[PDB]
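Asker: Provided hereafter are the protein sequence and its experimental coordinates.
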Amino acid sequence: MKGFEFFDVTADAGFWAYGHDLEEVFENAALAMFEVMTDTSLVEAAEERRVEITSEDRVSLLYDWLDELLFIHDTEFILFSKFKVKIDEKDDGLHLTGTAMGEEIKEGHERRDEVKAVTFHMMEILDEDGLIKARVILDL
């Protein structure tokens with residue numbers, strides 16, 4: 001039911017996300033960081049944002065999906081964020097569309113884990129029994 005599992009790394013920390021339709025794993029990846037970076041369990045959704053991505057290797061979509069979250073995070077460091085993803089196979093490549101809601105940072109934001117950056121932590125998507133799983137490790 002969780003669909004997410006994290007391992008204990010020294011310096012970095014990577015979480016495992018599960019899918020359901022490919023798009024499921026990608027958006028689930030963002031929750032891994034947020035769930036530990038803060039406590040969204042309190043904020044509903046005051047704002048909404050959409051992101052677009054172009055991939056051509058599936059596995060890379062994850063590497064570029066979360067990395068995209070890294071930049072926007074500071075562009076709007078918010079306590080809570082919903083994850084929705086859209087994957088469309090282009091005339092040959094791949095496209096990723098994700099939505100985020102709940103933007104409103106407070107003076108005393110709830111911080112849990114501390115990540116200095118995301119360095120090719122794993123960003124690998126493994127499929128088991130037809131299910132997709134993603135791996136994202138974060139820098140100390």
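Answerer: On my side now, so go ahead. Residues are numbered from 1 along each chain as shown.
Asker: so the residue nearest to the spatial centre of the chain is in which element?
Answerer: The structure's the chain has its C-alpha centroid closest to residue 30; by CA atoms, centre = their mean the separation is 1.7 Å. Here residue 30 sits within helix 23-37, counting by DSSP states H and E.
Asker: contacts for that helix?
Answerer: With contacts defined as CB atoms under 8 Å, 6 or more residues apart in numbering, helix 23-37 is touched by 3-4, 6, 13, 15-19, 40, 61-62, 65-66, 69, 80-81, 83-87, 96, 98, 100, 111-113, 115, 125, 132-134, 136, 138. Yep, even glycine has a C-beta here, placed from its N, CA and C like the rest.
Asker: hmm, 7 Å instead?
Answerer: 3-4, 6, 15, 17-19, 40, 61-62, 65-66, 69, 81, 83-87, 96, 98, 112-113, 115, 125, 132-134, 136, 138 (CB atoms under 7 Å, 6 or more residues apart in numbering).
Asker: quick one: end-to-end distance for stretch 75-82.
Answerer: End-to-end span of stretch 75-82 (CA to CA, to the nearest Å): 16 Å.
Asker: buried subset of the contacts of helix 23-37 as a ChimeraX selection?
Answerer: Selecting only the buried entries of these in ChimeraX, with 16 or more other CB atoms under 10 Å as the criterion:
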select :4,6,15,17,18,19,40,61,62,65,66,69,81,83,85,86,87,96,98,115,125,132,133,134,136,138
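Asker: which strands or helices does the lengthiest helix in the chain pack on?
Answerer: With DSSP state H setting the assignment, residue counts place helix 59-75 as the longest helix in the chain. Applying 3 or more CB pairs under 7 Å, 6 or more residues apart in numbering; DSSP states H and E, we find helix 59-75 packed against helix 23-37, strand 48-55, strand 94-101, strand 124-128.
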